[PDB]
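Both backbone and side-chain heavy atoms feed into the values below; hydrogens, waters and symmetry mates do not. Here is how names work: the chains are called A, B, and so on, in the same order as the sequence lines, proteins then strands, and each is numbered from 1.
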Amino acid sequence: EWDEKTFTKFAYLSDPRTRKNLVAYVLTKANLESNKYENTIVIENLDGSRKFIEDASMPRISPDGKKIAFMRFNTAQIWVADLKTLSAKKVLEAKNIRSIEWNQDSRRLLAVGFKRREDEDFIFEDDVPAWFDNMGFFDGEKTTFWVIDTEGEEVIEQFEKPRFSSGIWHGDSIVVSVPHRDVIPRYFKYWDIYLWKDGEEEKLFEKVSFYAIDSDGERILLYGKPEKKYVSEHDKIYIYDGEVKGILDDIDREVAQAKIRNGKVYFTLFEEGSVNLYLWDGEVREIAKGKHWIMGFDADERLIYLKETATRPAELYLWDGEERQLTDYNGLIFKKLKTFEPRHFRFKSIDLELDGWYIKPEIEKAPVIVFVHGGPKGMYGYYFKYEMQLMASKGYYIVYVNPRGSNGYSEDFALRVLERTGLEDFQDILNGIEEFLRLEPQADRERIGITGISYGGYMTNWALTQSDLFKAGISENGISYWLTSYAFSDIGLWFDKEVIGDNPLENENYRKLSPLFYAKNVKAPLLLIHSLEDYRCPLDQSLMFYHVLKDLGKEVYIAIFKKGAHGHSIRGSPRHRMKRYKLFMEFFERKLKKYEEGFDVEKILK
Amino acid sequence: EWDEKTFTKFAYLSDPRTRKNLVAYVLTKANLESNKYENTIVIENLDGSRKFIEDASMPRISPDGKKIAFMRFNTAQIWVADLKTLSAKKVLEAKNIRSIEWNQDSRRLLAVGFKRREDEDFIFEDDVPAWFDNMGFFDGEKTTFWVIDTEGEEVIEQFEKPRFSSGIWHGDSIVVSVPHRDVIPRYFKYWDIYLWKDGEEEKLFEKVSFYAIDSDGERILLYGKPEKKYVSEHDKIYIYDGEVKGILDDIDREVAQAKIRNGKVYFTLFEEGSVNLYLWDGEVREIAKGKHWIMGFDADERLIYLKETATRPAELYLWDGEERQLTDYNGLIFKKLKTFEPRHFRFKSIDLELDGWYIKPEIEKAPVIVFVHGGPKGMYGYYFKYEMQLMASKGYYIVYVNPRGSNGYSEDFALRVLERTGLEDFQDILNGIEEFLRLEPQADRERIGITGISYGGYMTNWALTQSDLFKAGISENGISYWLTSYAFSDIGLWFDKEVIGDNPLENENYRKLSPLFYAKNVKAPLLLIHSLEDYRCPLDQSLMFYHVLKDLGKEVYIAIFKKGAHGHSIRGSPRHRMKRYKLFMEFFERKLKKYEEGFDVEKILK
Amino acid sequence: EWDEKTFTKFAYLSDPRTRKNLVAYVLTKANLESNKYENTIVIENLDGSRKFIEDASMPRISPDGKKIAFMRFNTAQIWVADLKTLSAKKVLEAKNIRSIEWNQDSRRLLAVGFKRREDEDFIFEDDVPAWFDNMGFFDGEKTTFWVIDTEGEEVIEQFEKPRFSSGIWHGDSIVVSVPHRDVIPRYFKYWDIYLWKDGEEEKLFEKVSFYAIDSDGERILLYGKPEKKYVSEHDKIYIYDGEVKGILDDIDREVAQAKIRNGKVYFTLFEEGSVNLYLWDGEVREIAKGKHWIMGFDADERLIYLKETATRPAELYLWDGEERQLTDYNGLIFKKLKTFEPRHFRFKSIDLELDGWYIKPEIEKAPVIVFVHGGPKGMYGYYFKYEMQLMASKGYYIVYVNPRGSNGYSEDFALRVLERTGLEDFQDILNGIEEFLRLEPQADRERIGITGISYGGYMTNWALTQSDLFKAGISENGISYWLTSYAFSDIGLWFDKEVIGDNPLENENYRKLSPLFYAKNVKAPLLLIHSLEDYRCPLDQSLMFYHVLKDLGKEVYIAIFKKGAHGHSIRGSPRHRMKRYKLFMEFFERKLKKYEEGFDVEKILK
Ligand SMILES: [Mg+2]
Ligand SMILES: [Mg+2]
Ligand SMILES: [Mg+2]
Ligand SMILES: [Mg+2]
Ligand SMILES: [Mg+2]
Ligand SMILES: [Mg+2]
Ligand SMILES: [Mg+2]
Ligand SMILES: [Mg+2]
Ligand SMILES: [Mg+2]
């Protein structure tokens with residue numbers, strides 16, 4: 001049976017790594033009773049023999065295949081284990097490390113972390129932004145780079161860089177990507193790239209729209225473009241060996257992840273609902289393309305990847321030749337648990353033809369939940385979406401589309417949304433719902449709800465202020481006012497200028513496209529959901545909407561989770577997440593399936 | 001030198017398991033200074049290479065030999081380790097699990113446990129009995145069955161059954177043995193047996209006197225009889241594959257343990273003082289028969305067993321072909337510690353000829369301690385009996401017999417005791433002592449003591465009320481009044497009806513054969529020993545005898561151990577057990593070897 | 001509204017003391033949320049000015065009125081405070097002190113306590129009984145006497161005496177009352193009395209049936225008789241000044257409490273349902289006589305006492321001249337809480353006329369709960385009985401009587417019960433119920449239940465085995481088998497010989513008058529309630545009855561409280577007591593008011 005606890009039953013795989021004949025990855029479990037994620041590194045032969053590093057993550061297999069570094073968290077500590085016996089030693093006790101990567105010598109690690117002011121009474125800020133979702137307040141944060149010798153166990157080189165810099169090995173050098181500073185740092189837009197060795201550095205690029213993501217010791221793999229006008233442009237990949245060479249210049253899709261392994265580049269593309277795995281070895285070759293999301297991959301002598309589908313969390317695969325499924329962690333649970341395959345439909349919207357999906361429940365007519373993805377350059381299609389399976393099992397149609405602005409299509413399709421949030425993209429959603437209703441006469445047009453997180457939250461607010469179609473909404477971590485998004489959120493300073501418009505203090509678009517200013521129009525009951533550590537869409541986006549809607553006599557409720565960032569629906573504590581799922585299902589049960597007055601959360605939850 | 005601490009010096013082996021070329025078992029040590037049992041799983045090659053899983057028990061080797069599940073206790077947790085490197089992951093945090101067993105797939109475990117009401121202020125009972133020795137109060141206890149997937153780490157099936165049910169895998173099915181319910185559950189007498197799979201079940205047997213103990217995936221091994229009139233009847237073994245086939249119908253001895261391994265059944269028999277290991281492969285073949293107790297065994301590609309003798313705790317052996325001793329954990333200790341081999345004697349008693357044993361000390365005449373085993377269907381012979389070696393080292397003859405009622409002989413011999421406790425079986429003991437005294441003129445007939453636990457405690461009480469032969473007694477966890485045994489103990493409701501008689505509220509036998517009612521006859525000093533968590537023979541059995549004996553002016557003492565069940569002499573904490581051994585030896589020193597007035601335990605113990 | 005929590009709302013007063021113009025007493029509150037009794041000493045002027053010693057009890061005001069000793073518990077510590085400012089110093093850190101009493105010098109205290117063997121693993125006993133209700137296992141307990149100098153803060157004299165001795169000051173001497181030892185100590189029957197000073201002693205009495213309870217420095221007040229044949233005989237009081245003088249020889253009622261204050265004796269008598277306060281100053285004078293229980297009193301320059309009634313817990317009063325109520329702790333609570341005054345009725349039973357009471361609810365007919373008091377020499381009448389008010393508020397008639405055997409009447413009436421438990425006294429109960437039913441036609445004869453604790457538990461068991469009148473019973477801490485009461489309980493060795501009969505191992509009365517042996521007769525559902533530290537009626541009394549009743553197919557349930565002695569219904573933790581009250585009310589709701597099958601305590605309680 002699907003309910004608010006079902007997500008705790010799945011094994012969650014991440015961070016796959018492979019060297020020689022070995023694969024490692026992390027197995028994570030949500031333990032509802034201790035209220036903790038549990039992490040286990042699993043190392044597999046390729047045999048199917050498994051061994052374990054318990055209470056650990058960040059597996060990094062040494063280039064020589066003889067050992068594995070990993071992190072245990074608590075302060076964090078870096079450990080190194082022999083892969084033969086897995087006997088381990090603690091190497092470095094590390095607060096605030098975000099990455100470790102072996103040097104080609106299988107002796108040194110590069111660790112990138114951060115340092116802040118850390119006064120126990122006040123944060124002090126002189127740069128921007130003051131905070132970032134999932135990181136906290138910056139408090140003057142600088143990036144730190146440590147070269148650690150894992151034999152002697154010492155930091156043998158260290159240097160700092162501006163906030164939000166990154167570093168990868170390039171042979172015995174380090175390629176350092178630093179946000180370019182103009183009036184403010186040009187986050188996500190321009191970087192300066194350096195080559196660093198032994199306390200000295202050479203600037204490789206100045207003010208470019210890509211950063212270094214991998215190296216094979218001869219070539220540097222760069223991610224982005226040489227110059228973007230919009231951060232929303234499709235990120236591409238480039239090889240640099242002295243000359244910068246685009247390897248996908250003729251493919252009008254965005255790269256999701258990429259790695260270089262002896263001059264061959266493995267990479268994934270967002271494509272019409274899927275995230276597909278390709279290889280480039282002079283030409284682009286399809287590796288794993290279908291109705292799925294390749295969530296992660298790694299390549300050395302072998303190529304392994306994590307593939308998630310609409311109805312299964314990610315499992316591990318090995319590519320031959322041919323795809324071979326390596327793991328089946330959830331196979332036994334899913335023998336007993338019904339899932340629902342989405343049905344793809346094309347529909348016309350204004351000038352375009354778009355992708356939609358719906359899931360039909362067993363079935364009278366059935367109520368309908370419309371889901372809107374975040375972004376706007378998010379993408380729905382073929383990954384595992386817990387709420388959708390959950391509500392389909394409870395008797396709802398689920399419908400959702402990729403409006404213009406979505407990832408997975410041409411760059412132009414993504415960029416059509418800019419300065420037009422709530423305009424054509426909302427029409428796309430309404431037109432997809434109209435086509436879905438034509439396809440499915442058993443969908444009850446008189447019981448359609450809408451929900452989404454982030455931009456989907458924005459769109460749920462917007463939908464209730466612009467349309468009388470919806471009977472209920474659940475809007476989460478959303479946007480009701482772009483001006484405060486611009487001035488308050490971690491990314492607003494550059495992101496809103498692009499997506500909403502320039503001259504934000506004068507531009508009328510900031511109120512014209514803001515649900516807050518049309519609150520009077522709202523007629524359907526609404527549940528707002530927010531979390532107190534969300535800095536991507538800060539609390540005022542929900543609480544202002546909630547207060548103004550109350551000031552106008554509207555039926556509205558707000559659940560404010562005391563912990564959690566923007567992605568807390570998926571990343572918050574298991575107990576936190578269970579409570580959100582329960583609220584979510586009960587709001588729709590009691591406001592969409594069959595309207596009931598009030599919403600007594602004490603009685604409803606326990 | 002033997003004393004109250006010597007038992008802490010031995011290594012105690014248990015729970016042997018074998019798959020392919022591997023053996024595992026548990027090594028337990030009594031640590032007197034931390035006052036804890038320590039458990040180490042040892043895995044041996046077969047090489048004699050050893051490896052270790054520390055602070056753990058319940059080794060279960062997966063059918064494929066690639067891994068080992070085990071328990072660590074504290075709440076209990078199930079872990080799974082790769083047998084190659086022994087790297088381990090925690091699979092399930094498990095309060096109240098009593099068994100784990102792998103499925104043939106080496107992926108799922110079946111765990112059988114229990115659940116109770118657990119109010120912190122009161123136990124509430126609506127079934128029977130309210131408590132069970134070594135388990136506590138039932139508090140509404142149900143049995144729970146969990147199928148655990150050890151990859152994904154989740155319970156994927158669970159169901160509950162009445163109290164005291166058991167479960168074993170049968171291929172992908174579970175055979176569930178449940179006590180049959182009439183007016184009360186017919187514990188130890190009738191079961192219903194089910195075949196369970198995927199939430200459904202078929203009843204295989206109704207109200208039978210056997211339960212399922214093993215399976216080879218085609219055949220179910222059943223333990224008991226199709227129908228017993230008396231629970232005291234010899235348990236036998238049956239193979240069920242559609243038809244129930246007795247495999248020892250022509251052998252009039254009781255099976256102690258049995259396992260099925262690809263259509264071959266390995267099993268032990270109680271026989272005249274020994275517990276011997278046999279194989280059935282169409283005919284019964286002797287494997288390990290002699291003056292010893294096969295305490296445990298396991299078979300897969302190899303057959304291993306634990307063999308204990310009168311003078312050595314259990315050591316591990318492998319059977320070829322020929323018996324090979326694999327371990328010698330206590331060999332070095334026993335080079336320095338004198339032991340005493342018992343001398344077997346036959347004697348006549350009324351209509352029968354019986355087995356007796358005695359140990360002769362160095363040697364004047366020497367005082368004599370007569371030991372009486374529990375049961376009555378207990379059995380003395382060739383296992384390691386700490387008190388016997390201990391008191392023999394201190395200058396005592398030790399004598400003990402198997403009276404009628406004992407295990408190890410024909411069923412009829414066992415059943416002669418029923419309704420006759422303290423009658424012929426006591427005469428058997430007196431006749432064995434008479435023959436022993438004839439054999440050993442250096443035994444001092446004027447200094448004979450008697451002691452026993454459980455039924456042996458009953459018999460020590462009884463002996464002091466019926467005979468003037470004994471100069472002292474130590475009676476432990478015994479019986480002085482059958483009526484309260486019937487109505488108060490965990491098993492009395494069915495057990496006393498069989499062993500003492502029907503219509504217990506009217507049957508005069510319940511007082512006629514009860515030491516309490518002859519307390520006036522007592523002339524020898526007596527130490528009573530009890531423990532507060534003994535529900536097999538509850539406290540009133542000792543304390544009523546103690547109070548009535550004091551009320552009659554008799555010299556009697558009672559030591560009431562604040563923790564511990566019926567078997568606390570062997571299972572209580574090392575400090576608890578050391579104190580009991582010390583009391584036991586000192587009572588006999590000061591009341592049997594040389595009578596001394598009083599018994600100042602403060603001075604005597606420390 | 002009355003429910004399982006209402007008892008927590010009352011202030012409970014105890015231990016009144018008075019010197020000069022001061023009164024002190026203890027105010028106790030049951031705090032359900034911390035689950036603790038809270039104790040506050042209150043000192044009142046006589047003004048009505050109040051002051052406080054918080055978290056303390058055992059107020060002892062010094063003879064000179066200048067200071068107050070008291071105990072704080074945790075180990076216990078004796079403190080002394082100046083009564084003017086209540087500034088306090090700790091005098092002696094005291095494990096196991098049971099009493100403190102000032103010497104006439106207002107400098108020394110006499111503290112009487114106890115010491116035991118205290119091995120952490122086992123209790124060791126060589127005397128009798130092994131345990132006592134509300135004290136635990138004796139573990140070789142001796143009585144200790146300490147003279148404490150409260151200035152220098154030192155024990156300046158100490159000596160020990162047999163278990164269960166007591167001591168009071170007599171000027172600079174100590175009168176020591178010690179149980180007389182024959183085959184066993186003659187507890188509650190004969191004492192030896194000593195006069196002790198400065199390490200020497202003179203025996204004042206040998207083997208007498210009284211002990212010293214107070215002194216005025218010239219006269220010793222003795223409680224009991226010079227010689228009792230039965231402990232059940234009425235205790236009287238005597239003044240000893242060289243000659244023993246009976247002061248109530250012509251009053252055929254038992255003294256409940258007595259104190260001597262400059263040759264005047266204040267004392268209470270059990271009389272037909274009341275406990276009344278008298279003075280003797282050469283003649284007996286009535287002080288406080290009525291429908292009430294004088295729970296405690298003290299006299300110096302003033303006379304104060306605690307008076308409880310059927311409808312109010314005890315409040316404090318001062319006697320002038322005339323009774324003046326001093327406190328009204330519960331007056332505000334009882335403005336809001338309905339109470340029910342019992343209605344007294346006379347009835348004929350065989351050869352006697354007896355007292356009964358009933359409470360009529362608002363009112364169809366109403367179901368009836370018959371309550372039976374403990375003892376048998378207990379007494380119902382005019383004290384505050386929580387369950388009665390509780391069940392009357394829930395729509396039940398409450399009826400209860402003083403059968404022969406009760407205190408409050410002639411000695412002969414008390415002694416009629418001896419060897420006749422369950423015979424005439426049970427007929428008395430049946431005849432009282434018959435008269436009550438005639439008085440109250442709205443009582444539903446088809447819904448009568450019975451309940452009691454202790455002897456009342458015995459009688460509830462007995463009632464269900466002998467009568468078909470009752471539709472339900474709740475039997476608590478009761479008797480189902482006298483033989484085990486005799487041999488197992490703290491007092492059985494002497495108490496059962498008197499109340500049930502001599503030669504307990506042969507006397508057929510022990511089974512003839514035992515509910516256990518008539519268990520087959522039971523037809524009404526029964527809840528048994530017991531507690532694991534009850535040594536007055538040990539657990540087997542309930543659990544044997546429960547098991548045998550289950551063995552006979554009867555509907556019976558048992559609630560076994562994990563902590564608590566015989567009086568745990570009133571003395572157990574507030575949470576423990578709340579749960580018992582809830583069970584008690586729900587059993588009657590669901591088995592007496594309207595029979596319902598089953599009894600799911602999980603659902604019923606929470
Ligand atoms: Mg280190
Ligand atoms: Mg991008
Ligand atoms: Mg373009
Ligand atoms: Mg785990
Ligand atoms: Mg058997
Ligand atoms: Mg036979
Ligand atoms: Mg002091
Ligand atoms: Mg009395
Ligand atoms: Mg008389």
Side-chain angles (χ1 to χ4, degrees), chain C residues 14-18 20-28 37-43 51-65 67-83 85-89 91-94 96-114 116 118 135 141-161 163 165-177 194-201 212 214-217 298 300:
Chain C
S14 65
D15 200 1
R17 298 288 160 154
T18 187
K20 328 308 204 183
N21 58 312
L22 307 171
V23 182
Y25 47 96
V26 181
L27 160 65
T28 296
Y37 290 99
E38 289 164 5
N39 293 306
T40 299
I41 291 165
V42 184
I43 294 146
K51 46 192 194 206
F52 311 104
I53 306 169
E54 182 59 297
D55 292 316
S57 57
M58 297 194 54
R60 303 285 178 276
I61 302 173
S62 70
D64 63 13
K67 63 213 151 163
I68 183 164
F70 61 90
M71 205 82 75
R72 287 217 162 92
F73 284 103
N74 181 201
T75 184
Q77 60 199 181
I78 299 160
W79 289 71
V80 163
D82 150 270
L83 275 165
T85 64
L86 288 183
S87 64
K89 63 170 191 165
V91 171
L92 199 77
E93 217 80 29
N96 308 324
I97 295 309
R98 303 198 165 124
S99 67
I100 48 172
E101 172 200 4
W102 285 104
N103 179 274
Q104 56 174 208
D105 65 13
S106 292
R107 174 170 180 173
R108 290 167 288 168
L109 294 166
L110 171 61
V112 187
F114 62 90
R116 310 187 166 159
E118 291 186 347
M135 296 178 176
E141 181 172 314
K142 302 304 261 259
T143 312
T144 63
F145 292 84
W146 291 352
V147 178
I148 300 160
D149 163 25
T150 60
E151 301 198 15
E153 317 184 17
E154 274 304 307
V155 166
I156 62 175
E157 299 283 1
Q158 69 197 288
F159 55 92
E160 73 170 47
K161 287 291 195 190
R163 191 180 300 193
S165 292
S166 59
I168 61 158
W169 285 114
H170 183 53
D172 286 335
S173 291
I174 305 165
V175 183
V176 186
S177 302
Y194 299 86
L195 193 65
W196 191 98
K197 184 177 177 159
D198 287 324
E200 300 179 75
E201 65 182 9
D214 205 2
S215 168
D216 69 9
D298 197 22
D300 182 57

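Listed by chain and number, the residues in a side chain to side chain donor-acceptor pair (under 3.5 Å) with C:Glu201 are C:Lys161 (sequence neighbours excluded). By the side chain to side chain donor-acceptor pair (under 3.5 Å) test, C:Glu200 is found to be paired with no residue, residues two or more places apart in sequence or in another chain being considered. Every side chain to side chain contact (heavy atoms under 4.5 Å, CB included) that C:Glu151 has, sequence neighbours left out, goes to C:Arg107, C:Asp149. Taking C:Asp105 as the reference, C:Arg108 meet the side chain to side chain donor-acceptor pair (under 3.5 Å) condition, with sequence neighbours excluded. Taking the side chain to side chain contact (heavy atoms under 4.5 Å, CB included) definition, one finds that C:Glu154 meets it with C:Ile156, sequence neighbours left out. C:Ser14 pairs by the side chain to side chain donor-acceptor pair (under 3.5 Å) definition with nothing, not counting sequence neighbours.
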Exercise for the section: Quick one: do C:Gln158 and C:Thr144 satisfy side chain to side chain contact (heavy atoms under 4.5 Å, CB included)? Show the steps, please. Expected result: CA-CA 7 Å; C:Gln158 69 197 288; C:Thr144 63; over 6 Å; no
Problem - Stepwise side chain to side chain contact (heavy atoms under 4.5 Å, CB included) check, C:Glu153 with C:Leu92 - result: CA-CA 7 Å; C:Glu153 317 184 17; C:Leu92 199 77; over 6 Å; no
Handout entry: Audit row: C:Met135, C:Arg163, side chain to side chain contact (heavy atoms under 4.5 Å, CB included) steps and yes/no
Key = CA-CA 12 Å; C:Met135 296 178 176; C:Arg163 191 180 300 193; over 6 Å; no
Problem - Chi angles and distances behind the side chain to side chain donor-acceptor pair (under 3.5 Å) call for C:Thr40, C:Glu54 - result: CA-CA 5 Å; C:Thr40 299; C:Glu54 182 59 297; 2.5 Å; yes
Exercise for the section: Kindly determine whether C:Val147 and C:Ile174 satisfy side chain to side chain contact (heavy atoms under 4.5 Å, CB included), including the steps that lead there. Expected result: CA-CA 10 Å; C:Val147 178; C:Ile174 305 165; 3.9 Å; yes
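Taking each heavy atom of C:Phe73 and C:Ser57 in turn, the nearest pair found is CE1-OG, 3.6 Å. Smallest separation of non-hydrogen atoms from C:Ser106 and C:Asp64: OG-N, 2.9 Å. Taking every heavy atom of both residues into account, C:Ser165 and C:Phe145 meet most closely at CB-CZ, 4.0 Å. The nearest pair of heavy atoms linking C:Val112 to C:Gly167 is CG2-O, 4.0 Å. Here the shortest heavy-atom pairing between C:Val80 and C:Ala69 reads CG2-CB, 4.1 Å. Between C:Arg60 and C:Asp15, the shortest heavy-atom distance links the atoms NH1-OD2, 2.9 Å.
Under the 3.5 Å distance criterion, the side-chain polar atoms of C:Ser62 are matched with a main-chain donor or acceptor of C:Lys67. Side-chain N or O atoms of C:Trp169 include one that pairs as donor or acceptor with a backbone N or O of C:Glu101 at under 3.5 Å. Judged by distance alone, the side chain of C:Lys51 and the main-chain N or O of C:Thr85 form no donor-acceptor pair under 3.5 Å.
Note: C:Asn96 CG to C:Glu141 CD = 8.0 Å, rounded to the nearest 0.5 Å. Residue C:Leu110 holds its CG atom at 9.0 Å from CD1 of C:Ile168, rounded to the nearest 0.5 Å. Distance CE/C:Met71 to CD1/C:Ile97: 6.5 Å, rounded to 0.5 Å. Interatomic distance, C:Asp216 CG to C:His170 NE2, rounded to the nearest 0.5 Å: 8.0 Å. Considering CD1 of C:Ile43 and CZ of C:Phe70, their distance stands at 8.5 Å, rounded to 0.5 Å. For the atom pair C:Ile148 CD1 and C:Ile78 CD1, the distance stands at 4.0 Å (nearest 0.5 Å).
Contact check for C:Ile53 versus C:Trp79: no side-chain heavy atoms found under the 4.5 Å cut-off. Using a 4.5 Å heavy-atom cutoff, the side chains of C:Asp300 and C:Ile61 are not in contact. The side-chain heavy atoms of C:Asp298 and C:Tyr25, taken from C-beta on, include no pair separated by under 4.5 Å.
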